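Heads up: the structure comes next, in structure tokens.
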Amino acid sequence: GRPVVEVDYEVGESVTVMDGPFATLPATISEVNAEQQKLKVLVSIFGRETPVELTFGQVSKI
């Protein structure tokens with residue numbers, strides 16, 4: 001178990017997708033929902049930028 005001093009996500013930060021079809025891909029948190037414990041991260045793709053929503057823990061900080 002490795003606890004982190006900071007456990008809050010914000011917009012503008014970059015995180016790696018850990019769950020979903022983009023798992024294992026660089027993404028940037030665009031919208032976060034602490035009220036519902038949900039997080040949103042936009043993904044950039046060659047002329048295919050598509051926003052994806054995820055839950056806390058589904059992303060790893062770099």
*How many residues does the range 45-62 contain that are surrounded by 11 or more Cβ atoms within 10 Å (Cβ to Cβ) and of a type in the set (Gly, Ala, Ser)?*
1
*asked:* Filter the range 17-62 down to the residues that are outside any strand (DSSP E or B) and acidic (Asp, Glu) and list them by number.
replied: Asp19, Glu35, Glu49
*Just need a number here: residues in the range 30-44 that are over 15 Å from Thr16 (Cβ atoms) and surrounded by fewer than 14 Cβ atoms within 10 Å (Cβ to Cβ).*
6
*Name the pairs whose Cβ atoms lie under 6 Å apart, with the first residue in the range 21-48 and within 22 Å of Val7 (Cβ to Cβ) and touching a residue at least 24 places away in the same chain (Cβ under 8 Å), the second among the aromatic types (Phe, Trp, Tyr) and part of a loop (DSSP other than H, G, I, E, B), and 6 or more positions between them or separate chains?*
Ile29/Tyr9; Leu39/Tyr9; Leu39/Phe56
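Here, each number is a calculation from the coordinates, and none is a lab measurement. We place every Cβ from the backbone using ideal geometry, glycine too, and count neighbours over all the protein chains shown.
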